[PDB]
Protein chains: 4
Amino acid sequence: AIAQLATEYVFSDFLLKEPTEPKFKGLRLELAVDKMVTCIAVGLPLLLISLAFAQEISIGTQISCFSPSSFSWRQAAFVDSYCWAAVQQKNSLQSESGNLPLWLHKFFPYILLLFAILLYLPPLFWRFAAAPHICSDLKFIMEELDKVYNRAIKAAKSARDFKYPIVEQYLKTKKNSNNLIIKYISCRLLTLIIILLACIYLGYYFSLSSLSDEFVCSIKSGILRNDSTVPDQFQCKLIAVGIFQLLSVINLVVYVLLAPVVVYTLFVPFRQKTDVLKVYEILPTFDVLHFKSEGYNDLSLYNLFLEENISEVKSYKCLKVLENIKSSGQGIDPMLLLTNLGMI
Amino acid sequence: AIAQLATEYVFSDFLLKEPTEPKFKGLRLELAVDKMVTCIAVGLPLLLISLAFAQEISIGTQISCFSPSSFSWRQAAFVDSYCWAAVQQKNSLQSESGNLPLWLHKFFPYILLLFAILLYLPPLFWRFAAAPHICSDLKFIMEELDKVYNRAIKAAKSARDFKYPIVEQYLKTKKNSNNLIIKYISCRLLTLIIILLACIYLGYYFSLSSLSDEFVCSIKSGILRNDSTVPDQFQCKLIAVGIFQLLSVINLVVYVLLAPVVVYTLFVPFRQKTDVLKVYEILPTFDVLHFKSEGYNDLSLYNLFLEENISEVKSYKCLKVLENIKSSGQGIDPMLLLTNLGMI
Amino acid sequence: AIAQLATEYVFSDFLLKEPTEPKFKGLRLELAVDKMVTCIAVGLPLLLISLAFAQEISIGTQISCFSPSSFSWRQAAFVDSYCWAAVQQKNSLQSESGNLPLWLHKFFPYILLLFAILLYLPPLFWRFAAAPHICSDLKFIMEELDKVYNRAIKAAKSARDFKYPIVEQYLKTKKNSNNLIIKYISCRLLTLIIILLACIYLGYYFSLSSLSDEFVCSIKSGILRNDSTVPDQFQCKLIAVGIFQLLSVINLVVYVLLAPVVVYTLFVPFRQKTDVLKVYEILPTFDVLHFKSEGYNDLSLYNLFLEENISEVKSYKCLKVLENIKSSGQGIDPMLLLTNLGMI
Amino acid sequence: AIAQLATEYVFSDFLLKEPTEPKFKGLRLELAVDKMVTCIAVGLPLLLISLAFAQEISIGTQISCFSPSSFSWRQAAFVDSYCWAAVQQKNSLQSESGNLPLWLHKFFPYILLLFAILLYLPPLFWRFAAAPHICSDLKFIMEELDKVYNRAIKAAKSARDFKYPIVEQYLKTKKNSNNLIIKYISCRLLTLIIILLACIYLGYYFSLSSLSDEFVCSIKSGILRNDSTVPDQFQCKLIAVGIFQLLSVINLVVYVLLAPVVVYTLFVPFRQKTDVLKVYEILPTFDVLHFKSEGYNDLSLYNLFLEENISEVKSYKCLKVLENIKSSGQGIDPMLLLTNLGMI
Ligand SMILES: CC(C)CCC[C@@H](C)[C@H]1CC[C@H]2[C@@H]3CC=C4C[C@@H](O)CC[C@]4(C)[C@H]3CC[C@]12C
Ligand SMILES: CC(C)CCC[C@@H](C)[C@H]1CC[C@H]2[C@@H]3CC=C4C[C@@H](O)CC[C@]4(C)[C@H]3CC[C@]12C
Ligand SMILES: CC(C)CCC[C@@H](C)[C@H]1CC[C@H]2[C@@H]3CC=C4C[C@@H](O)CC[C@]4(C)[C@H]3CC[C@]12C
Ligand SMILES: CC(C)CCC[C@@H](C)[C@H]1CC[C@H]2[C@@H]3CC=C4C[C@@H](O)CC[C@]4(C)[C@H]3CC[C@]12C
Ligand SMILES: CC(C)CCC[C@@H](C)[C@H]1CC[C@H]2[C@@H]3CC=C4C[C@@H](O)CC[C@]4(C)[C@H]3CC[C@]12C
Ligand SMILES: CC(C)CCC[C@@H](C)[C@H]1CC[C@H]2[C@@H]3CC=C4C[C@@H](O)CC[C@]4(C)[C@H]3CC[C@]12C
Ligand SMILES: CC(C)CCC[C@@H](C)[C@H]1CC[C@H]2[C@@H]3CC=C4C[C@@H](O)CC[C@]4(C)[C@H]3CC[C@]12C
Ligand SMILES: CC(C)CCC[C@@H](C)[C@H]1CC[C@H]2[C@@H]3CC=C4C[C@@H](O)CC[C@]4(C)[C@H]3CC[C@]12C
Ligand SMILES: *[C@@H]1O[C@H](CO)[C@@H](O)[C@H](O)[C@H]1NC(C)=O
Ligand SMILES: *[C@@H]1O[C@H](CO)[C@@H](O)[C@H](O)[C@H]1NC(C)=O
Ligand SMILES: *[C@@H]1O[C@H](CO)[C@@H](O)[C@H](O)[C@H]1NC(C)=O
Ligand SMILES: *[C@@H]1O[C@H](CO)[C@@H](O)[C@H](O)[C@H]1NC(C)=O
């Protein structure tokens with residue numbers, strides 16, 4: 001039913017499932033905006049496919065040819081099925097709009113499924129190629145941040161009663177390499193191109209005259225070519241073509257609204273803001289150097305992933321509340337850190 | 001069946017599922033009134049869609065055109081399907097009420113699903129954008145309250161046998177920022193606007209003459225335009241239109257009753273009452289300062305979320321019972337706190 | 001099938017599911033009588049809806065109009081569907097009993113579902129508004145009782161080898177407030193009113209002549225108004241109306257039997273008997289004062305909830321067996337308590 | 001399918017599910033004979049309902065009226081559905097056996113479901129009212145028996161290298177109260193009465209002439225009353241009536257065989273034999289006094305429940321093997337108990 005389809009595709013965790021494995025425990029591995037874009041671009045065409053053939057919206061068979069009254073039920077069924085299979089056969093049918101509109105009307109669900117698959121492909125390539133590496137690197141970075149926070153609080157407590165910036169060096173090295181950012185931009189660009197092509201196709205499909213679904217059909221090949229009792233042609237109409245056009249314009253609207261989001265996603269350096277690591281600069285055990293901005297490198301992408309999935313880090317949360325309290329400046333950062341006692 | 005739909009949509013945890021993740025363990029992340037509003041506004045139109053096409057209420061096909069007796073079964077089926085697809089084609093049909101009523105009668109389930117999706121969108125935006133931040137902040141606040149309660153009871157026990165207000169400073173800082181409250185008000189306002197538009201549409205749909213479902217249909221395009229055996233027109237009726245109107249007025253009543261709730265929700269500062277933190281003011285380790293009221297800021301929203309999901313805090317429950325006992329004043333707050341022995 | 005519906009709605013845990021959350025572990029949060037009343041009042045109309053359209057009891061379509069023999073199958077189907085949709089349209093049909101009986105016959109499942117939803121609403125309001133508070137308070141009370149029992153047995157063992165009545169003070173304070181009892185009485189009263197209205201409706205529906213299901217139908221609007229081959233009217237009958245009346249009288253009987261139960265529930269103070277706390281009065285560490293009776297206050301409701309869900313408390317069970325043994329008076333209460341050794 | 005129904009209702013744990021809660025861990029809370037009686041009396045009529053309308057045994061529709069050849073398919077369908085709905089309407093039909101046989105033939109599944117529900121009601125009342133109390137009491141009794149066994153074995157080991165009969169006093173007190181036994185006897189008696197009424201009904205249904213399923217039907221009310229082309233009456237037959245009678249006699253046989261079991265159950269004191277507590281009399285720490293027999297009191301019912309669910313007690317099992325070995329008398333009870341070393 002329509003409501004069942006809605007529950008499956010919008011109100012359920014459709015493509016929102018976290019990786020089912022212990023390797024990525026709590027790691028999104030995909031930005032929220034990218035996940036939203038993929039979920040829409042994939043589950044919208046599927047939802048429209050399901051809707052267009054819902055038991056309520058669908059009168060019945062997808063084509064009716066209006067055989068003569070003399071024709072029996074199965075003769076008329078032969079006519080309808082023959083014309084359905086003959087939309088491909090150009091000789092059999094003669095339609096003013098041509099045969100491409102008939103092909104599109106017959107295979108619209110296939111085309112929507114193709115677009116959905118093509119849009120799901122780049123996210124899958126990301127999740128299967130560049131996701132494990134960033135997952136491992138980000139897990140190491142979070143562990144290093146937790147360890148340095150613990151060491152700093154232990155030092156502060158000892159004072160009240162190595163020291164090498166490994167994480168900073170690793171981030172600096174990431175500043176050079178750009179394979180991950182190149183893959184990310186390539187997959188986003190392919191998604192954008194697929195969306196644009198889908199918009200072109202949907203606009204063309206919705207621009208039809210709405211009468212191209214009606215085509216003339218001739219069961220006059222073979223032994224029936226010279227038969228007399230059979231009329232030379234029939235009036236066939238492809239039902240649900242109006243529904244297809246409505247859903248196609250809906251998908252076109254959604255995709256044109258979505259494309260600016262993908263374009264904004266492509267410009268990762270601009271998105272790289274609100275320095276996540278700036279909060280850690282007040283730790284004595286952490287060097288006061290952010291050095292993450294203004295670069296078409298994997299460093300900006302790592303900064304984005306950190307700003308996305310750093311809320312799970314207790315040390316980061318503690319430092320963030322310390323920073324927020326520092327806005328008033330009533331107290332002192334080391335005193336607040338010592339009082340917090342948030343090692344684990 | 002009707003009962004199955006009821007069990008799925010009203011008697012089950014439809015959209016009442018808690019976040020399936022360890023990050024939010026026991027945190028609602030959504031006020032009870034907001035959750036009720038979203039659940040109604042989403043699962044009502046879906047329930048009505050399912051009901052309108054239930055196997056019992058539905059006689060059968062959604063349109064019957066009453067072809068002549070001479071017409072065969074599949075000729076009549078062609079007529080019915082053609083008219084169903086031609087509700088869009090204005091030339092084919094001539095109805096007194098126009099063609100918009102026919103469009104609405106055909107696509108009412110789609111319109112209800114659209115309203116449900118549009119009403120579910122703002123809650124989803126909230127849960128995916130502003131929910132993680134408030135979850136982390138509120139978890140930190142609850143942990144700080146538990147820790148300060150434990151410290152105060154330990155101090156009392158030591159007396160019987162830092163001290164910095166970090167949580168108060170954090171709340172004071174939240175008094176300034178307003179991004180969360182702005183997002184909350186924006187999503188509530190969008191929900192209200194969607195509800196009002198849905199009410200307008202449902203009132204228009206229910207105001208129809210009830211005879212607009214009957215339209216005249218002409219299969220007279222193409223080779224059949226000059227055919228003689230076919231009548232110039234047919235009498236088609238869209239079945240289930242009365243059911244659609246009944247369910248639409250039901251949804252209109254529900255939404256007009258719900259809109260005052262959304263308006264009351266918009267006025268969060270008025271809702272900010274029954275100070276949750278007032279109970280903690282009797283703790284020696286906690287400063288006697290509430291400072292949370294009369295502000296279009298995130299502080300009021302945080303106060304609401306606390307008053308919602310603070311019952312899970314053992315320290316808060318203990319302080320609440322101490323406060324309630326203090327109404328008589330027979331005993332002493334520190335003595336009762338020491339006797340309680342409710343560290344964990 | 002009928003047996004499947006029975007298993008789902010009477011032999012299964014339909015609305016008998018305990019709260020699926022760790023917050024309420026073993027707490028009913030709903031009295032047994034109230035749960036029985038809600039389960040009946042909700043799952044009876046749903047069961048009757050399912051039964052009335054069971055594949056065995058149902059001959060087939062819900063209306064047959066007996067078109068002339070000259071009419072084709074789909075002409076007759078058009079007639080039947082038109083009349084089904086025209087039960088609303090007063091002009092189309094002319095029935096002796098009127099049009100309200102036809103509306104009721106068509107929408108009886110909707111009306112039963114409406115009554116079920118309206119009866120499920122007050123229980124849901126209770127469980128979502130007043131259940132968390134009573135759950136927290138009752139959990140605290142049980143924990144306090146366990147702790148005082150442990151302290152008393154420890155004192156007795158020490159003798160053989162604070163002391164403040166916090167729980168008693170909390171109960172005394174609850175004696176004043178009445179918001180929970182007011183909500184309980186309001187929800188019970190609304191349930192009673194809904195049940196009475198349902199009884200009125202079912203009595204009216206069952207009082208019909210049983211021939212109102214037969215109505216005269218006229219497909220004579222539009223181009224067919226002046227058509228000659230079509231008869232001026234048809235004889236239509238709404239099938240399953242007898243089944244609807246039978247099930248409606250069954251529901252009426254059940255609801256009239258149930259209403260006295262709801263009225264008895266409304267009088268909570270009378271139900272407040274068999275003092276649960278009287279057993280704890282023999283503990284040296286517990287003050288000898290019950291002070292819970294004869295009040296339209298939340299104290300009586302808390303006493304009811306205690307008498308309901310106190311069997312899970314080992315200390316209460318031990319004190320109950322001590323009390324029962326004290327009926328003979330052969331031994332001594334402190335000696336029996338010491339011998340029991342039931343700390344945990 | 002038939003085999004699926006069999007698997008669900010006889011070969012599966014239909015109504016044999018243990019209470020899904022930690023409160024009753026391993027406690028039957030229902031005697032084996034009572035559970036068997038309830039399972040049969042409930043799942044037999046449901047199984048017969050399912051069988052009577054199985055896709056294999058069922059030819060098709062439940063009534064066929066044999067309309068004239070001139071009648072079209074949907075005219076005949078109208079006739080059949082009209083007569084199906086008119087079995088209630090006495091004026092419409094004229095049958096030699098009357099109208100009650102037709103009512104019974106139409107609503108036999110409803111009557112079987114009613115009997116199943118009425119037979120399931122007393123067991124449900126028991127499980128929801130008197131089951132928690134007996135569960136708590138019996139758990140306490142088993143814990144006391146385990147503790148006294150442990151104390152006795154510890155004393156024996158100490159000798160080789162309070163003392164109050166709390167459980168005996170509790171059982172003696174149970175000797176007085178009779179509310180549980182009264183409820184048990186009342187529910188068993190109601191089950192017996194329901195079974196007898198079901199037997200009466202099934203005997204009456206099976207005693208029919210087998211031709212009462214054939215009734216004369218007249219679609220001659222309304223505009224068709226004076227119509228000429230329609231015959232004055234039709235020959236309608238209610239299919240599956242023979243299957244209903246066969247299954248009804250099967251159920252009658254099962255229930256008449258079952259009723260003696262219920263009568264034997266009612267006489268609980270006679271069932272109270274094979275003293276379970278007699279084995280514990282050899283323990284030095286346990287007083288040598290059974291005092292459980294010859295009483296219409298809850299003590300006999302508790303003895304039955306003990307004899308039912310005491311096999312789970314390791315101490316009871318050890319004492320039972322000691323008793324069995326004592327039949328030969330080769331050894332000594334205290335020596336065997338010391339050698340067993342079965343504390344836990
Ligand atoms: C997904 C991508 C590939 C879709 C590409 C656009 C498709 C949908 C449409 C839009 C415009 C279309 C073209 C419009 C006009 C003509 C001229 C005609 O004589 C042959 C077909 C041809 C050449 C069409 C082929 C298909 C076409 C290119
Ligand atoms: C992503 C955005 C830009 C998509 C917007 C949809 C645009 C591309 C659509 C809307 C209407 C469409 C046109 C409608 C009709 C025709 C005439 C046909 O003989 C050739 C294709 C052509 C010229 C279409 C090309 C694509 C088109 C211009
Ligand atoms: C969800 C929102 C967009 C719904 C907006 C209201 C819709 C349902 C209805 C209510 C009143 C309607 C209008 C009423 C009157 C007219 C004048 C007519 O000559 C053209 C259509 C037009 C202009 C209608 C368009 C659709 C309309 C605006
Ligand atoms: C949220 C609340 C205010 C909704 C209440 C429903 C209101 C808006 C509905 C109920 C009846 C409706 C009117 C019914 C009939 C017409 C005539 C038509 O030619 C234009 C629209 C118009 C004028 C409708 C406008 C909207 C309307 C006034
Ligand atoms: C659930 C509640 C609202 C149901 C209320 C009772 C319903 C079922 C029935 C019972 C008696 C009925 C009334 C009986 C008589 C008349 C007089 C007639 O000229 C108009 C309808 C009217 C006024 C009926 C309206 C509907 C009615 C009130
Ligand atoms: C909860 C209890 C009291 C419900 C008992 C059912 C009662 C209320 C039912 C049973 C028969 C019913 C009556 C049957 C017939 C008519 C005639 C009609 O023109 C007006 C309604 C009226 C007068 C009904 C009113 C309600 C009624 C009296
Ligand atoms: C479950 C219980 C209520 C069933 C009771 C027995 C039912 C099945 C049957 C068995 C015998 C039957 C009775 C036999 C004879 C007559 C005399 C006739 O002129 C009216 C019906 C009446 C009075 C029957 C009513 C229904 C009846 C009582
Ligand atoms: C539990 C045991 C005793 C049930 C045995 C079934 C008995 C009660 C059945 C079997 C045959 C039945 C009888 C068959 C026929 C008739 C004639 C009818 O006009 C009145 C009922 C009457 C007289 C039935 C009464 C009940 C009956 C005697
Ligand atoms: C049909 O008859 C025509 C007559 O002109 C002939 O040319 C043609 O070959 C025939 N077709 C078949 C399939 O026999
Ligand atoms: C139908 O016949 C008419 C006669 O006036 C002619 O004008 C029209 O073109 C014909 N239509 C078709 C589709 O051949
Ligand atoms: C039907 O014919 C009658 C003849 O009196 C006329 O009044 C009426 O307008 C016609 N109806 C239609 C819909 O053409
Ligand atoms: C049918 O015709 C008879 C002729 O005697 C008449 O008495 C009766 O009222 C008519 N019935 C209807 C429903 O018009």
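Lettering follows sequence order; numbering is per chain, from 1. All values below come from the heavy atoms of this structure, side chains included, with hydrogens, waters and symmetry mates left out.
Remark: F107(D) engages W103(D), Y110(D) in a ring-ring contact (aromatic ring centres under 6.0 Å, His included) (not counting sequence neighbours). For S221(D), the side chain to side chain contact (heavy atoms under 4.5 Å, CB included) test picks out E214(C), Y82(D), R225(D), with sequence neighbours left out. With sequence neighbours excluded, the residues that form a side chain to side chain contact (heavy atoms under 4.5 Å, CB included) with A1(A) are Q4(A). With sequence neighbours excluded, the residues forming a side chain to side chain donor-acceptor pair (under 3.5 Å) with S81(D) are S64(C), listed by chain and number. Listed by chain and number, the residues in a side chain to side chain donor-acceptor pair (under 3.5 Å) with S58(C) amount to none (sequence neighbours excluded). Listed by chain and number, the residues in a side chain to side chain donor-acceptor pair (under 3.5 Å) with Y205(C) are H105(C) (sequence neighbours excluded). Under the side chain to side chain contact (heavy atoms under 4.5 Å, CB included) criterion, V262(C) pairs with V37(C), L192(C), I195(C), not counting sequence neighbours. In this structure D80(C) satisfies the side chain to side chain donor-acceptor pair (under 3.5 Å) test together with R74(D), sequence neighbours excluded. Applying the side chain to side chain contact (heavy atoms under 4.5 Å, CB included) rule to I111(D) yields the partners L104(D), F115(D), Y201(D); only residues at least two apart in sequence or on another chain are considered.
Closest of all the heavy-atom pairs between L202(D) and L252(D) is CD1-N, 3.7 Å. Smallest separation of non-hydrogen atoms from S95(C) and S212(C): OG-O, 4.1 Å. Nearest heavy atom pair, residue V230(D) against residue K220(D), reads O-NZ, 3.5 Å. Closest of all the heavy-atom pairs between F14(C) and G43(C) is CE2-CA, 3.5 Å. Residues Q75(D) and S69(C) come closest through the heavy atom pair NE2-N, 3.2 Å.
At least one side-chain heavy atom of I219(D) sits under 4.5 Å from a side-chain heavy atom of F78(D).
In this model, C236(C) has its SG atom no nearer than 2.5 Å to the SG atom of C83(C).
Here the two rings, on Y120(C) and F11(B), have centers that are under 6.0 Å apart.
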Can you give each donor-acceptor pair under 3.5 Å made by side-chain atoms of residues 239-248 of chain D, sequence neighbours left out, with the distance rounded to 0.1 Å?
{"residue": "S248(D)", "atom": "OG", "partner": "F244(D)", "partner atom": "O", "Å": "3.2"}
{"residue": "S248(D)", "atom": "OG", "partner": "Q245(D)", "partner atom": "O", "Å": "2.6"}

Practice item. Take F66(C) and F71(D), measure what ring-ring contact (aromatic ring centres under 6.0 Å, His included) needs, and give me the verdict at the end. Key: CA-CA 10 Å; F66(C) 188 77; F71(D) 277 43; 5.8 Å; yes
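The stretch residues 41-55 of chain C participates, sequence neighbours left out, in no side chain to side chain donor-acceptor pair (under 3.5 Å) pair at all.
In this structure, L197(C) places its CG atom where more than 12 heavy-atom neighbours from other residues, nucleotides or ligands lie under 6.0 Å away. Counted within 6.0 Å of CG on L257(C), heavy atoms from surrounding residues, nucleotides or ligands total more than 12; the atom is thus considered enclosed.
When each of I250(D), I194(D), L119(D) is checked for a side-chain contact (heavy atoms from CB on, under 4.5 Å) with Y255(D), only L119(D) meets the rule.
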